[PDB]
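Proteins come first, then strands; the chains are lettered A, B, ... in the order of their sequence lines, and each starts at number 1. What's counted below: heavy atoms across the whole structure, side chains too, no hydrogens, waters or symmetry copies.
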Amino acid sequence: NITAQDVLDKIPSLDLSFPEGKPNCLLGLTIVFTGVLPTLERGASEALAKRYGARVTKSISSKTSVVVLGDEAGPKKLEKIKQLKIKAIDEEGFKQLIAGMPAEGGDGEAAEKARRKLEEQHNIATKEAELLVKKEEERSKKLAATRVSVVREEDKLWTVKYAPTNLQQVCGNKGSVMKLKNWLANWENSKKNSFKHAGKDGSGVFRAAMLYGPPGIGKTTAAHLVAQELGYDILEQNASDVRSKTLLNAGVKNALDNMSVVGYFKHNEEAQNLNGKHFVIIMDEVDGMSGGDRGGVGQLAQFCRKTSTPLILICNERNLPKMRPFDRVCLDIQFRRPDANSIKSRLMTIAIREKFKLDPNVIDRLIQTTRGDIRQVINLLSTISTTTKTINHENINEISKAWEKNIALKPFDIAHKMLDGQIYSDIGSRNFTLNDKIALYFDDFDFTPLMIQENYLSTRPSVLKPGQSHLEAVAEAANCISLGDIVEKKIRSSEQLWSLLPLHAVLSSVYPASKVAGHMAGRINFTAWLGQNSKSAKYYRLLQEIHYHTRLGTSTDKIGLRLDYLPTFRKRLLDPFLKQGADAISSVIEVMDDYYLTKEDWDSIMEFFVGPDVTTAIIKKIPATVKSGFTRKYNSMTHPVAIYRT
Amino acid sequence: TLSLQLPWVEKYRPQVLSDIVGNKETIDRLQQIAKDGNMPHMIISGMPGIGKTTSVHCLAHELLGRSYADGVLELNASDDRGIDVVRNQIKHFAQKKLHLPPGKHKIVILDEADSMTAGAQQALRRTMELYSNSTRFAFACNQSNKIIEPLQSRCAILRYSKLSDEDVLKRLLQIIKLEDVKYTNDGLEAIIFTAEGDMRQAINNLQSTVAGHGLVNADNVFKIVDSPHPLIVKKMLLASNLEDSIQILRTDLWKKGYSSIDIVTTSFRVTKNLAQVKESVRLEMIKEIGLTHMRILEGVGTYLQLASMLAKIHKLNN
DNA sequence: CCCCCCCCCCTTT
DNA sequence: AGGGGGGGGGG
DNA sequence: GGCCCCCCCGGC
DNA sequence: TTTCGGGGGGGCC
Ligand SMILES: Nc1ncnc2c1ncn2[C@@H]1O[C@H](COP(=O)(O)OP(=O)(O)OP(O)(O)=S)[C@@H](O)[C@H]1O
Ligand SMILES: Nc1ncnc2c1ncn2[C@@H]1O[C@H](COP(=O)(O)OP(=O)(O)OP(O)(O)=S)[C@@H](O)[C@H]1O
Ligand SMILES: [Mg+2]
Ligand SMILES: [Mg+2]
């Protein structure tokens with residue numbers, strides 16, 4: 001009847017309140033939103049697009065159908081649009097488009113394929129609901145039969161009622177679950193080979209597993225289901241148990257190489273169920289091991305390499321320093337946030353069983369509200385369905401705003417957000433306020449100033465005042481950074497003036513960024529001050545050692561020793577080896593004896609010079625025989641000691 | 001003379017969910033949950049004097065009836081709530097066996113859960129899951145960010161809003177009707193104005209009036225009550241001329257007994273949230289206020305320093 | 001087997 | 001921001 | 001039961 | 001990283 005391309009052709013094409021349409025009128029058309037729309041905000045425009053089933057893509061691609069363009073569009077957007085020759089429209093164009101598809105279909109293969117996918121999802125949801133009701137019916141029949149000769153199904157949390165029963169019912173992370181199943185299904189072969197026959201997947205060398213991912217993605221569920229499907233008997237320890245070295249070495253340790261009495265007394269009548277007699281250890285919430293569990297992490301790491309039964313560790317965040325001991329002793333399995341297309345049918349099934357209407361078009365939004373948390377979205381559905389019987393586009397905004405998950409940002413994310421020119425503009429400052437910026441700083445107040453100081457010279461600004469240059473803004477930012485450093489020194493003092501922390505937030509992070517806010521010109525780099533400070537401390541300790549090894553013969557301080565004495569000591573200690581060969585040894589030794597210097601002190605002194613006097617290459621170029629003879633001569637004599645019992 | 005009267009804040013603390021004003025949607029959800037049952041794990045967040053503890057207590061009471069004394073375990077900041085407590089007492093309570101009506105469960109109330117340490121919150125994780133068929137958890141906090149993400153994932157979020165003037169007026173009028181307190185419209189308006197959405201403060205000021213002077217009018221309220229000094233600081237920092245700002249600072253703050261540190265902190269906070277001034281101007285003002293705050297902290301806290309701060313602020317805002 | 005979107009996740013003591 | 005990785009679509 | 005020690009925050 | 005002071009949680013005894 002009506003093809004989408006014809007309607008698009010009718011609409012005007014740009015060159016380089018709204019009317020109500022019909023259900024799924026934009027279905028099958030991919031729309032990318034760029035720039036600022038005078039009428040609708042980015043969130044409002046995205047909601048209006050998703051109302052009609054349109055798929056919103058964050059990036060422009062050859063498959064894109066239309067791209068609404070307004071004002072303030074980035075150069076990359078225009079470059080991609082021109083390269084891929086993608087049509088663009090205006091606010092009036094979008095208004096006409098949303099009402100120019102009365103047939104909500106009858107278009108190219110894209111719309112038909114989208115409708116087929118929607119029908120397949122509906123059919124899958126219906127089949128799941130049918131199977132669930134059949135299971136309920138058989139359970140009721142068994143209960144009646146038992147009662148003829150305990151927990152009500154309507155009294156359970158929805159997260160327990162609809163918990164996955166098999167590994168095919170788990171949504172998302174299919175690859176990770178498959179990898180875990182393969183690893184646990186070939187554990188016997190690896191054990192028979194002593195965990196040395198590394199397979200193609202590489203999981204044959206690891207006798208332990210480390211599952212990590214964000215909350216509410218199906219990690220504990222996946223581990224338990226994998227253990228159960230293979231017949232293993234599950235032994236579990238959670239954060240509610242004191243997992244310290246003292247009790248860990250007296251508890252679960254014995255089970256690492258012992259059979260299960262439960263398995264033997266429960267699978268005595270079964271056949272081929274070898275795993276029933278074995279153990280599978282599951283350590284849940286390893287990251288939750290606080291001071292109450294002393295030395296537990298090290299003991300778990302030791303067990304990982306000396307365990308005779310499969311061992312699976314579960315944690316939320318794997319990149320903490322505290323989790324370093326598990327660096328290369330377990331097979332790491334990452335569980336990423338499931339996409340909104342993985343749990344869709346599950347949400348239809350829950351809606352059908354619970355007798356409330358959940359429009360599919362608003363499902364995606366909910367996933368962003370909880371940041372891909374299945375437990376949280378199920379809880380949200382259960383709570384909202386209590387009084388609201390319809391979850392549609394007329395109320396999704398309120399629910400999403402009232403259930404937003406506030407996850408503290410990390411150093412890199414904080415730096416990226418705070419060095420963005422949008423938030424510092426009038427409109428951006430109106431939306432993202434100064435209080436929000438101070439809170440973003442407080443999210444990590446120990447690393448935000450360092451990241452800002454590290455990444456405030458590698459951006460192209462977009463907030464430059466009229467007549468100002470990039471260098472002047474950089475200088476102003478540096479001045480405020482110095483002032484913030486002074487304030488920090490005052491905070492960490494003998495007076496503990498922590499009440500000045502908010503002021504520091506404005507002086508160290510917010511103000512300089514506002515002065516150089518723009519677009520990052522390169523990769524965000526981690527602060528380099530910590531490694532440099534550690535190196536400086538090490539070199540200062542070495543300098544102090546040299547100074548107190550030579551104090552008796554020298555008249556100076558450590559600074560004077562470094563700035564003035566050391567070059568002459570180089571001329572007296574390193575130059576001779578380069579001129580007279582091995583014959584220098586004696587002379588050099590004498591000089592060292594004249595100042596109570598050792599070989600370690602020799603290397604430390606040689607490691608101080610910088611610039612044109614770097615001795616690393618020269619020292620490497622010294623003949624090996626000369627150094628060997630020097631060492632032999634040094635170790636073949638008796639030398640004095642400047643300080644006894646250092 | 002040695003016998004005390006129960007304050008109105010405790011004498012009229014709502015005992016049924018129908019008497020809690022404000023947050024109509026959440027209260028309706030709680031009422032329907034009580035009518036049906038199957039209470040989930042929940043976290044109630046908000047600001048002081050809004051009815052979070054009242055809501056949780058009313059829900060638990062109406063849910064558990066006569067079994068309140070056996071199915072409710074209440075712990076607050078005045079009780080030890082360390083890792084050992086979570087791992088022993090709460091675990092034993094969750095594992096306890098108790099007979100309750102069909103759709104009722106034991107309730108573990110953790111008031112002011114924000115103060116709880118990370119270890120205890122982590123330990124609660126699997127306990128809330130293994131025994132969810134018999135026990136449910138209700139956290140009440142002021143700052144939701146203090147509760148770890150795994151715990152938030154397991155519960156239902158209930159963020160409370162500040163009571164509007166209409167709801168505060170309704171509850172205040174009910175209290176006046178019950179106590180037969182003579183009042184005037186301006187007095188109630190002043191009480192609401194000082195309340196700032198805090199029902200506890202509103203009731204306390206209403207009792208102080210009547211207890212102090214009798215008939216509730218703006219005159220008596222302002223005689224016993226002081227207009228919030230943040231508004232005075234805002235007026236001082238928004239004056240068109242330096243003379244007016246100095247006059248406000250002297251007459252309304254310095255001569256009233258407010259300390260310099262309080263004044264400078266309030267000025268910082270007010271300048272942070274002045275949406276009618278540009279961000280750059282606010283940042284410069286904050287820099288000046290921080291300089292003055294550091295000077296005051298060093299020990300030099302004088303009227304001259306605050307006057308200099310105002311002069312510099314007016315220099316910037318020109 | 002090979003390639004192309006679409007997004008996520010990690011840099012980090 | 002830049003680079004690596006996982007999964008659906010085309011091929 | 002009591003010292004003694006180590007680790008971790010600190011604004012609103 | 002980091003200059004006191006307070007709190008928790010574990011280890012000797
Ligand atoms: N992939 C999933 N598919 C279906 N339901 C899920 C999924 N993930 C989580 N859920 C639901 O949320 C509940 C809890 O899932 P969990 O396995 O505990 O997630 P988790 O990642 O282990 O949570 P943490 O790490 O302890 S915060 C499940 O019983 C399910 O009801
Ligand atoms: N919605 C309300 N309706 C009627 N009275 C209220 C209401 N909210 C608070 N009050 C009154 O103020 C008193 C204290 O209320 P609370 O429930 O203790 O406030 P709260 O939010 O729990 O305090 P925080 O957050 O721990 S500082 C109640 O006894 C009531 O008398
Ligand atoms: Mg888990
Ligand atoms: Mg309270």
Exercise. State, to 0.1 Å, how close A:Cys330 and A:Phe326 come at their nearest heavy-atom pair, and which atoms those are.
Key: SG-CD2, 3.8 Å
Should [N] form a Watson-Crick or G-U wobble pair with both distances under 3.5 Å, which nucleotide is its partner?
{"N": "C:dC5", "answer": "none"}
{"N": "D:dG2", "answer": "C:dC10"}
{"N": "D:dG11", "answer": "none"}

Quiz prompt | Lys/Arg-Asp/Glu bridge criterion (N-O < 4.0 Å) met for A:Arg492, A:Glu488 | solution = yes
Quiz item: Hey, is A:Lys437 close enough to B:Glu279 for a salt bridge, meaning N to O under 4.0 Å?
Solution: yes
Say you pick atom [atom1] in [N] and the same atom in [M]; how far apart are they, in whole Å?
{"N": "C:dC3", "M": "D:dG8", "atom1": "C1'", "value": "13 Å"}
{"N": "C:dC10", "M": "F:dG5", "atom1": "P", "value": "41 Å"}
{"N": "C:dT13", "M": "F:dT1", "atom1": "P", "value": "9 Å"}

Practice problem: Kindly state whether the pair A:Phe442 / E:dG11 counts as stacked, where counting means centroids closer than 5.5 Å and planes tilted less than 30° apart. | Solution: yes
Quiz item: With a centroid cutoff of 5.5 Å and a plane-angle limit of 30°, would you call A:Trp529 stacked on F:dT1?
Solution: no
Quiz item: Is it the case that B:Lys52 places NZ or CZ above or below the six-membered ring of B:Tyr160, under 6.0 angstrom from the centre and within 45 degrees of the axis?
Solution: no
Practice problem: Would you mind telling me which of D:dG5, F:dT2, C:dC6 lies closest to the side-chain atoms of A:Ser59? | Solution: C:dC6
